[PDB]
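Visitor: Provided herewith: final39.cif, mmCIF, N, CA and C atoms.
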data_run
loop_
_atom_site.label_atom_id
_atom_site.label_comp_id
_atom_site.auth_asym_id
_atom_site.auth_seq_id
_atom_site.Cartn_x
_atom_site.Cartn_y
_atom_site.Cartn_z
N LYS L 1 24.86 -10.48 2.99
CA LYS L 1 24.69 -11.36 4.12
C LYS L 1 24.40 -12.76 3.66
N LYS L 2 23.49 -12.87 2.65
CA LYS L 2 23.00 -14.08 2.04
C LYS L 2 22.03 -14.81 2.97
N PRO L 3 21.00 -15.53 2.49
CA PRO L 3 19.99 -16.16 3.34
C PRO L 3 20.58 -17.15 4.32
N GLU L 4 20.23 -17.02 5.62
CA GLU L 4 20.56 -18.01 6.62
C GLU L 4 19.32 -18.78 6.99
N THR L 5 18.15 -18.40 6.40
CA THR L 5 16.84 -19.00 6.56
C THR L 5 16.43 -19.27 8.00
N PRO L 6 16.32 -18.28 8.89
CA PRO L 6 16.11 -18.53 10.31
C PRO L 6 14.67 -18.85 10.64
N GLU L 7 13.69 -18.26 9.92
CA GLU L 7 12.29 -18.56 10.11
C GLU L 7 11.56 -18.10 8.88
N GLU L 8 12.31 -17.65 7.85
CA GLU L 8 11.78 -16.94 6.73
C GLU L 8 12.72 -17.28 5.62
N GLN L 9 12.21 -17.37 4.37
CA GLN L 9 13.00 -17.84 3.26
C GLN L 9 12.43 -17.17 2.05
N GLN L 10 11.13 -17.44 1.75
CA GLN L 10 10.43 -16.98 0.58
C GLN L 10 10.47 -15.48 0.35
N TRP L 11 10.35 -14.66 1.44
CA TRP L 11 10.36 -13.22 1.37
C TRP L 11 11.76 -12.67 1.22
N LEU L 12 12.79 -13.46 1.61
CA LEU L 12 14.17 -13.04 1.62
C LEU L 12 14.65 -12.97 0.20
N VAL L 13 14.67 -14.13 -0.50
CA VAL L 13 15.20 -14.31 -1.83
C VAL L 13 14.42 -13.52 -2.88
N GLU L 14 13.08 -13.38 -2.69
CA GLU L 14 12.19 -12.62 -3.53
C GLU L 14 12.60 -11.17 -3.63
N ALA L 15 12.62 -10.49 -2.47
CA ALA L 15 12.92 -9.08 -2.36
C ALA L 15 14.40 -8.79 -2.46
N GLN L 16 15.27 -9.83 -2.43
CA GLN L 16 16.70 -9.69 -2.57
C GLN L 16 17.09 -9.22 -3.94
N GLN L 17 16.59 -9.92 -4.99
CA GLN L 17 16.80 -9.56 -6.37
C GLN L 17 16.03 -8.34 -6.78
N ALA L 18 14.93 -8.01 -6.06
CA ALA L 18 14.15 -6.83 -6.32
C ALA L 18 14.81 -5.58 -5.79
N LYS L 19 15.49 -5.67 -4.62
CA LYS L 19 16.22 -4.57 -4.03
C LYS L 19 17.45 -4.22 -4.82
N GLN L 20 18.13 -5.24 -5.38
CA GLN L 20 19.27 -5.09 -6.26
C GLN L 20 18.89 -4.44 -7.57
N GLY L 21 17.64 -4.69 -8.03
CA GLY L 21 17.09 -4.11 -9.24
C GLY L 21 16.73 -2.66 -9.08
N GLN L 22 16.50 -2.19 -7.82
CA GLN L 22 16.19 -0.81 -7.52
C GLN L 22 17.44 0.02 -7.47
N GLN L 23 18.60 -0.60 -7.12
CA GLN L 23 19.85 0.09 -6.90
C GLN L 23 20.45 0.60 -8.18
N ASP L 24 20.29 -0.17 -9.28
CA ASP L 24 20.87 0.13 -10.58
C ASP L 24 20.34 1.43 -11.18
N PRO L 25 19.04 1.72 -11.37
CA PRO L 25 18.58 2.99 -11.90
C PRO L 25 18.72 4.11 -10.89
N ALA L 26 18.70 3.80 -9.57
CA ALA L 26 18.64 4.78 -8.51
C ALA L 26 19.88 5.62 -8.42
N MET L 27 21.08 5.00 -8.59
CA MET L 27 22.35 5.69 -8.50
C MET L 27 22.54 6.65 -9.64
N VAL L 28 22.11 6.25 -10.86
CA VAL L 28 22.11 7.08 -12.05
C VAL L 28 21.12 8.23 -11.94
N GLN L 29 19.95 7.98 -11.31
CA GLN L 29 18.90 8.96 -11.10
C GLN L 29 19.31 10.01 -10.10
N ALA L 30 20.20 9.66 -9.14
CA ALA L 30 20.71 10.55 -8.11
C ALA L 30 21.53 11.68 -8.68
N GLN L 31 22.11 11.46 -9.88
CA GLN L 31 22.85 12.42 -10.65
C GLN L 31 21.97 13.44 -11.32
N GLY L 32 20.62 13.29 -11.21
CA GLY L 32 19.59 14.11 -11.81
C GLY L 32 19.67 15.58 -11.47
N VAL L 33 20.13 15.92 -10.25
CA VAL L 33 20.35 17.29 -9.83
C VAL L 33 21.53 17.93 -10.56
N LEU L 34 22.56 17.13 -10.91
CA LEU L 34 23.71 17.55 -11.69
C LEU L 34 23.44 17.42 -13.18
N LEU L 35 22.32 16.75 -13.58
CA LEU L 35 21.88 16.59 -14.95
C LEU L 35 21.39 17.90 -15.49
N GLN L 36 21.03 18.86 -14.60
CA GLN L 36 20.69 20.23 -14.94
C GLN L 36 21.84 20.95 -15.60
N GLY L 37 23.09 20.71 -15.12
CA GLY L 37 24.30 21.25 -15.68
C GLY L 37 24.69 20.60 -16.98
N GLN L 38 24.40 19.29 -17.13
CA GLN L 38 24.64 18.52 -18.34
C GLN L 38 23.66 18.92 -19.42
N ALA L 39 22.44 19.32 -19.02
CA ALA L 39 21.38 19.79 -19.88
C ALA L 39 21.72 21.12 -20.50
N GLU L 40 22.63 21.91 -19.88
CA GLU L 40 23.11 23.17 -20.42
C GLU L 40 23.91 22.94 -21.67
N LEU L 41 24.70 21.83 -21.72
CA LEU L 41 25.46 21.42 -22.89
C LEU L 41 24.54 20.97 -24.00
N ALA L 42 23.37 20.38 -23.65
CA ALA L 42 22.39 19.93 -24.60
C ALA L 42 21.69 21.10 -25.24
N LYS L 43 21.30 22.10 -24.41
CA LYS L 43 20.67 23.33 -24.82
C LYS L 43 21.60 24.21 -25.61
N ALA L 44 22.93 24.08 -25.39
CA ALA L 44 23.95 24.82 -26.10
C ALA L 44 24.02 24.40 -27.54
N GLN L 45 23.86 23.08 -27.79
CA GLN L 45 23.84 22.53 -29.12
C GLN L 45 22.50 22.73 -29.79
N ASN L 46 21.41 22.89 -29.01
CA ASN L 46 20.06 23.02 -29.51
C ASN L 46 19.80 24.39 -30.08
N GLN L 47 20.30 25.45 -29.41
CA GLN L 47 20.10 26.83 -29.81
C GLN L 47 20.85 27.14 -31.08
N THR L 48 22.02 26.49 -31.27
CA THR L 48 22.84 26.66 -32.44
C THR L 48 22.25 25.89 -33.60
N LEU P 1 28.54 -23.05 36.40
CA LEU P 1 28.85 -24.34 35.81
C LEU P 1 27.91 -25.42 36.28
N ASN P 2 27.56 -25.43 37.59
CA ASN P 2 26.56 -26.32 38.15
C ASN P 2 25.15 -25.94 37.74
N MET P 3 24.89 -24.64 37.47
CA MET P 3 23.62 -24.16 36.96
C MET P 3 23.40 -24.68 35.57
N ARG P 4 24.45 -24.62 34.72
CA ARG P 4 24.48 -25.16 33.38
C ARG P 4 24.35 -26.66 33.37
N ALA P 5 24.79 -27.35 34.45
CA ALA P 5 24.59 -28.77 34.65
C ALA P 5 23.15 -29.09 34.96
N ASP P 6 22.45 -28.22 35.73
CA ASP P 6 21.03 -28.31 35.99
C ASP P 6 20.21 -28.11 34.73
N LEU P 7 20.68 -27.21 33.84
CA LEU P 7 20.07 -26.94 32.55
C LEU P 7 20.35 -28.05 31.56
N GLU P 8 21.43 -28.84 31.78
CA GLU P 8 21.76 -29.99 30.96
C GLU P 8 20.76 -31.10 31.17
N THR P 9 20.35 -31.33 32.44
CA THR P 9 19.36 -32.32 32.80
C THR P 9 17.96 -31.74 32.70
N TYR P 10 17.80 -30.43 32.39
CA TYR P 10 16.50 -29.81 32.20
C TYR P 10 15.83 -30.36 30.97
N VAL P 11 16.61 -30.53 29.87
CA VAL P 11 16.10 -31.02 28.61
C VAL P 11 15.78 -32.49 28.69
N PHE P 12 16.54 -33.26 29.50
CA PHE P 12 16.37 -34.68 29.64
C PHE P 12 15.36 -35.04 30.71
N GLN P 13 14.71 -34.04 31.36
CA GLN P 13 13.71 -34.29 32.37
C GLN P 13 12.37 -33.73 31.95
N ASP P 14 12.30 -32.39 31.76
CA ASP P 14 11.11 -31.63 31.45
C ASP P 14 10.39 -32.08 30.20
N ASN P 15 11.15 -32.50 29.16
CA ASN P 15 10.61 -32.83 27.87
C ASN P 15 9.82 -34.12 27.91
N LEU P 16 10.18 -35.06 28.82
CA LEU P 16 9.43 -36.27 29.05
C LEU P 16 8.09 -36.00 29.69
N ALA P 17 8.07 -35.18 30.76
CA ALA P 17 6.88 -34.92 31.55
C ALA P 17 5.86 -34.08 30.84
N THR P 18 6.30 -32.92 30.31
CA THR P 18 5.48 -31.94 29.63
C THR P 18 5.01 -32.48 28.30
N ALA P 19 5.94 -33.15 27.57
CA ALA P 19 5.78 -33.76 26.28
C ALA P 19 6.44 -32.84 25.31
N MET P 20 7.24 -33.41 24.38
CA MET P 20 7.72 -32.76 23.18
C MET P 20 8.75 -31.71 23.54
N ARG P 21 8.70 -30.54 22.86
CA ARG P 21 9.55 -29.38 23.08
C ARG P 21 10.89 -29.55 22.43
N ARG P 22 10.92 -30.08 21.19
CA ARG P 22 12.07 -30.02 20.31
C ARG P 22 12.28 -28.57 19.93
N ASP P 23 13.56 -28.12 19.89
CA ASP P 23 13.91 -26.74 19.68
C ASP P 23 13.88 -26.39 18.22
N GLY P 24 13.97 -25.07 17.94
CA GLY P 24 13.96 -24.50 16.62
C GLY P 24 12.55 -24.31 16.17
N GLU P 25 12.37 -23.71 14.98
CA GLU P 25 11.08 -23.43 14.42
C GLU P 25 11.20 -23.81 12.97
N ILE P 26 10.34 -24.74 12.50
CA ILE P 26 10.43 -25.29 11.17
C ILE P 26 9.03 -25.61 10.72
N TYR P 27 8.79 -25.47 9.39
CA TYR P 27 7.50 -25.53 8.75
C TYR P 27 7.13 -26.98 8.61
N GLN P 28 5.97 -27.38 9.18
CA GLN P 28 5.59 -28.77 9.28
C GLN P 28 4.09 -28.87 9.24
N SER P 29 3.37 -27.74 9.32
CA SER P 29 1.98 -27.74 9.73
C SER P 29 1.16 -26.99 8.73
N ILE P 30 -0.18 -27.12 8.88
CA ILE P 30 -1.21 -26.62 8.01
C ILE P 30 -1.32 -25.11 8.14
N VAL P 31 -2.11 -24.49 7.22
CA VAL P 31 -2.10 -23.12 6.78
C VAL P 31 -1.16 -23.19 5.61
N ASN P 32 -1.75 -23.31 4.39
CA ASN P 32 -1.13 -23.87 3.20
C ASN P 32 -0.57 -25.25 3.48
N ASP P 33 0.55 -25.63 2.83
CA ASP P 33 0.97 -27.01 2.69
C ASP P 33 1.71 -27.45 3.93
N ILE P 34 2.03 -28.76 3.99
CA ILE P 34 2.41 -29.46 5.19
C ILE P 34 3.79 -30.02 4.95
N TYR P 35 4.44 -30.45 6.06
CA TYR P 35 5.72 -31.13 6.15
C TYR P 35 6.89 -30.38 5.54
N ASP P 36 8.06 -31.06 5.48
CA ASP P 36 9.27 -30.52 4.92
C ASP P 36 10.11 -31.66 4.41
N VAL P 37 9.55 -32.90 4.41
CA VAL P 37 10.31 -34.12 4.35
C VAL P 37 11.05 -34.40 3.04
N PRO P 38 10.61 -34.17 1.78
CA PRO P 38 11.16 -34.90 0.65
C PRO P 38 12.50 -34.31 0.29
N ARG P 39 13.47 -35.19 -0.08
CA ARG P 39 14.74 -34.85 -0.69
C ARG P 39 15.53 -33.88 0.16
N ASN P 40 16.40 -33.06 -0.48
CA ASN P 40 17.04 -31.92 0.12
C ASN P 40 16.04 -30.84 0.43
N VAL P 41 16.33 -30.01 1.46
CA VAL P 41 15.71 -28.71 1.63
C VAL P 41 16.14 -27.83 0.49
N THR P 42 15.28 -26.87 0.09
CA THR P 42 15.43 -26.19 -1.17
C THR P 42 14.73 -24.87 -0.99
N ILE P 43 14.94 -23.93 -1.94
CA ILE P 43 14.44 -22.59 -1.85
C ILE P 43 13.11 -22.53 -2.56
N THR P 44 12.02 -22.54 -1.74
CA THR P 44 10.64 -22.27 -2.09
C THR P 44 10.12 -23.23 -3.14
N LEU P 45 10.34 -24.55 -2.91
CA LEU P 45 9.89 -25.60 -3.80
C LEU P 45 9.55 -26.76 -2.92
N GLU P 46 8.85 -27.77 -3.52
CA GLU P 46 8.58 -29.10 -3.02
C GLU P 46 7.31 -29.15 -2.22
N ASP P 47 7.07 -28.14 -1.35
CA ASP P 47 5.75 -27.82 -0.86
C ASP P 47 5.44 -26.41 -1.26
N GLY P 48 6.39 -25.73 -1.96
CA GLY P 48 6.29 -24.33 -2.32
C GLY P 48 6.64 -23.46 -1.14
#
What does this structure look like when you write it as C-alpha cells?

Guide:
Amino acid sequence: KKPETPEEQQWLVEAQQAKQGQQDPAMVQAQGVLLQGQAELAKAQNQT
Amino acid sequence: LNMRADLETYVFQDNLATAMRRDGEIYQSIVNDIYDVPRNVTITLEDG
C-alpha cells in the first residue's frame, strides 16, 4: 500500500520493516511439519 | 446541486462566525514537540 500518512506516520514505517522481517523466517518455519519427513533422511544417514 | 451550493457557502460563512475550522488533521501542538514548519515534510525527523 505504502504510507499515505493520514494521521499516523511513525508507527507505519516502523512496523512496516518489522512485519517484513517476520515473513522471511515464518514461511520457512511453516515447512516444520514436513521437516519431520526430511528428518527421516537425516536419521537414515545417522544410523548408518 | 443547490444543497451542495449551500454547503459551498457553508465554509465561507460558518468559519468566520465560529472562528477557524481549517480541515484535515496535522501535528502542530504540544504533547512532545510543536509545529511542522521547517523545510520539506519528512519521515519522523525535524521535530521527530

Visitor: Dump as a PyMOL selection string the residues of chain L that approach chain P to within 8 Å, counting all atoms listed in the file.

Guide: chain L and resi 6-7+9-10

Visitor: To one decimal place in Å, what is the distance between atom CA of residue P:40 and atom CA of residue L:20?

Guide: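 Computed distance, atom CA of residue P:40 to atom CA of residue L:20, equals 27.7 Å.
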
Visitor: Could you state the separation of atom CA of residue L:17 and atom CA of residue L:4 in Å, given to one decimal place?

Guide: 15.9 Å

Visitor: Using atom C of residue P:33 and atom CA of residue P:47 as the two end points, give the distance in Å to one decimal.

Guide: 6.3 Å

Visitor: Output as number ranges by chain all residues of chain L that backbone DSSP marks as helix (DSSP H, G or I).

Guide: L: 10-33, 35-47
